[PDB]
Each structure stands twice: as C-alpha cells, then as structure tokens.
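A quick write-up on the structure given underneath.
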Amino acid sequence: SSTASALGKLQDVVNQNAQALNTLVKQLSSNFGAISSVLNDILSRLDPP
Amino acid sequence: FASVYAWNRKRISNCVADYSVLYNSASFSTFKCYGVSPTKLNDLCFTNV
C-alpha cells in the first residue's frame with residue numbers, strides 16, 4: 001500500500017502501447033511533400049491531373 | 001502602366017468580386033493559373049489579393 005512503483009512491468013506495457021498509438025495518430029498531420037496536409041482542401045482547390 | 005523596373009503593386013480587399021464573368025469572356029490575355037484551378041476560384045474564400 002504505502003510503497004508505489006512496484007508494478008513497473010504493467011505500467012511499461014501500457015505506456016508503450018499508448019505512446020505507439022499516439023505517434024501513429026500524430027503522424028497523420030504531416031505534409032509528406034505535398035502542398036497541404038488535408039485532402040479535402042486538395043480536392044477542393046486543384047485539378048485531377 | 002509603369003515599366004517592369006517600376007511595377008505597380010496594389011492591395012485588393014474588403015470587396016466581393018467574381019472571376020467567371022471575366023473568365024468566360026475570352027478577351028483579356030490568356031489564363032494559366034497555378035495553385036487554385038481557374039474554374040474553382042469563385043467557390044473558395046481566400047483572404048485578400
């Protein structure tokens with residue numbers, strides 16, 4: 001009860017999973033060399049070619 | 001109109017214009033526009049000119 005940090009394995013697993021998911025969802029906002037990071041603007045501003 | 005060495009710059013803002021009325025009349029120069037496609041200029045609401 002009094003002493004904490006006795007469950008390092010479970011916390012490490014949970015933190016690894018959450019960090020991986022967060023990095024995946026954050027990678028969605030990159031530009032990847034295009035002219036915009038959102039496709040709705042691209043389809044509403046450019047030509048199909 | 002001034003020379004190329006003294007090209008005239010001006011600001012256009014706070015108005016409401018249209019481009020199809022100018023686009024359809026094939027009278028002024030020739031249109032080749034990057035970024036926004038010429039035919040889709042009217043529908044979007046960019047800040048100023």
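The chains in the structure tokens are called A, B, ... from first to last as shown; in each chain the residues are counted from 1, and the ligands are counted from 1 in the order shown.
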
If you run DSSP on this backbone, which residues of chain A come out as helix (DSSP H, G or I), and could you give them as a list in words?
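Selecting the helix (DSSP H, G or I) positions of chain A gives residues 8, 9, 10, 11, 12, 13, 14, 15, 16, 17, 18, 19, 20, 21, 22, 23, 24, 25, 26, 27, 28, 29, 39, 40, 41, 42 and 43 of chain A.
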
Check every residue of chain B for an atom within 7 Å of chain A, counting only C-alpha atoms, and provide those that qualify as a PyMOL selection string.
chain B and resi 35-37+40

Near-stretch 13-20 of chain B list (8 Å; only C-alpha atoms; drop same-chain fewer than 3 positions) as a PyMOL selection string:
chain B and resi 23-24+39+41-42+47-49

Would you mind reading off the distance between atom CA of residue A:28 and atom CA of residue A:43, one decimal, in Å?
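Separating atom CA of residue A:28 from atom CA of residue A:43 is a distance of 17.5 Å.
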